[PDB]
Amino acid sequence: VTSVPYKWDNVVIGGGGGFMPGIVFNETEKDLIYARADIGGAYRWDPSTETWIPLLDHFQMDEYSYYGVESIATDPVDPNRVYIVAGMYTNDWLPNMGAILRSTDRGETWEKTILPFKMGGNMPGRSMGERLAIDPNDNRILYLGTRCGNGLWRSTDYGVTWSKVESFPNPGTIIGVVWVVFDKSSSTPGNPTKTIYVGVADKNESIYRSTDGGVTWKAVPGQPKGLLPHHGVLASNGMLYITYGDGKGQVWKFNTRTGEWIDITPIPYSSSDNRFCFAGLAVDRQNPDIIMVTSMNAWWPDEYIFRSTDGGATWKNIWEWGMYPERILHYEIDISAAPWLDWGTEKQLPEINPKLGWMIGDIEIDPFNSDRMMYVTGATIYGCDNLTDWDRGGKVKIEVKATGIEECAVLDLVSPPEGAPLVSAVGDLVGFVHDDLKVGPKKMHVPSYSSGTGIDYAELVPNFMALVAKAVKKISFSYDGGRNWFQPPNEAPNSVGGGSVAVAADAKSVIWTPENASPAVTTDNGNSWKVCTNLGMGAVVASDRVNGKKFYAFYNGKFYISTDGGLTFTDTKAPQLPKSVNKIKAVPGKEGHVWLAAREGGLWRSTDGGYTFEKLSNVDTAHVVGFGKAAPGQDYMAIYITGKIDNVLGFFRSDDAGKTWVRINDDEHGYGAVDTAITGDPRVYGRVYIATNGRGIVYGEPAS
């Protein structure tokens, strides 16, 4: 299989769209910032444009686990170096062992060391950190906190080789060892830092110290018990600040020079106002008395962001109660860079959209600018450039600081022959009409939905669409190409909605196959539903693109045709089929042309409504299959798949109905898990849209 050069980019959703559990500033170089994602890789900040650059897109589908970024560390001695601890699950959802990724060009290129254990980039407690730390006196040395009782690990050769710190007392009882803080003043440059603090997720004993360069460890005397330490920050005056959660929360400061512990919780832990962890912790590098903490999670009315200018003695919240319903905001939020963030919904007070956020497990003050601050949420990164205005009684001007991040899990995609070039169904954000591929949409389809799981349009009436979702009734229809949506009075039988949807070519019937439920048809736009005869749970249903009477289904190793608009299905008795399929899809303009994406079972085609199929011999793996405009002079639409051809993983195009294939991605453009949706563009030759699981929507075009 040969390759053809492509130009790859994200379709813009804007503002990230997911949870980025950590932000890491470099201690010595101004404007050097990194951000880590849970499913979503890592990014470096470009300060010239206020954008983030993705760093791990070279990982192919067999290394999707390495988009789970447990920790990121940036070298203070040599800011060119950056390390990632990578691995998404500590269980068997993915087979990969965890890895330490190492770069000397700030994440443009990477080497890795495979570890004898797994990371949990997408596991509970992921915003606790940073687990990975570089010695600021001797950058040869790195420490790593681990999950699952593996404890504290160390490298003394710039992260190339790793061993367990056997003398470390407590791996946790498993969220594990959660952060490593060096005390730079304990040694002089060139020498191993002698004093190291370590935070461990154990309510009974959480804070540990070595004073001999990691040879022996003792628990810090006088420490609080009962909660878990989310972050530790050693300020320039010798105060170690630590945030705690379980909810309930505390904030403490430990005097490293005297040994004294002082409780500095903004809201007293014996107060019943205290009903959340404090999680995010920021200390101003230029003034060790300036600190900030965040709640996780108050939920109502919004989260708390507390600021102290006197080392925690006194705090002010970023909002205050007034004449209830009613709150005094010492902030604004500007969401011009990702306008979907207000959910297109005005709230009744004291709630206000857009919110400060939720899942605020990390907050950072720029070590070179007291006015710059950033924090994470379950949907975006926010930040400001006028932070100290708050101290003078002005408003913190918060804005989206996640431009360039695309972290959505994309569940389905269509490229209609009329209207917008793309319409999406995504996790968490439902999905969007993409009027313009490089313009972020203003609002998702249906604000009351949580995830859009399936979408289709009537091929001959492309302004008609159906969207299925989790959350209100969980199917929506549109007659204006997704600009406006409406819900029916009734749903197909279901437990959690979701699943998939197939729309008749003539817009006269819709088959909803909800998650863990049977296909059901409506000729009513959802007024009434009928379970499709002869099908059931797990059936893979697709509509014919020419004939509105014809629908297709793969179900329990058999293929089925419907010729009455999806009311009844008949086993076609196809002599040769795969054992299972992931996706099936019919061809626009070609009646009875049905393609089967059977993962490792390959790619199959029929041209007779699924009575006979042919397995294409030149394709090993096809996870998904889609179509776009025919190549000039060709009489079949271009076919796009993800999977494997001739021991090469990637994305492939065929301009001759599957007779020959070229690879359209490369080694630098993997994008991880790509087995949910693919489509070409019926109006633009060579263009392909691909759903990823944590890198949003990607599209490619032939390069010049």
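Throughout, we count residues from 1 along the sequence that is shown.
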Hey, how big is the hole between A471 and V472 in terms of deposited residues without coordinates: none, 1 to 3, 4 to 9, or 10 or more?
4 to 9
From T113 on to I114, does the model leave out none, 1 to 3, 4 to 9, or 10 or more residues of the deposited sequence?
none
Using the B-factors recorded in the PDB entry, average over the C-alpha atoms of 261 to 269 and of 301 to 309, then report which stretch comes out higher.
261 to 269
Which wins on mean Cα temperature factor, 72 to 80 or 545 to 553?
545 to 553
If you check the C-alpha B-factor for each of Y449, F278, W343, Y143 in the entry, which is highest?
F278
When the CA B-factors of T513, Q576, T380, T453 are compared as recorded in the entry, which is the largest?
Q576
Just say lowest, middle or highest third for the CA B-factor of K659 relative to the other modelled residues in its chain.
highest
Pull the Cα B-factor of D246 out of the PDB entry and bin it into the chain's lowest, middle or highest third.
highest
Tertile call for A235 (CA temperature factor, within chain, third-based) is the highest
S617 by Cα B-factor - lowest, middle or highest third of the modelled chain:
highest
If you rank the chain by CA B-factor, which third does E108 end up in: lowest, middle or highest?
middle
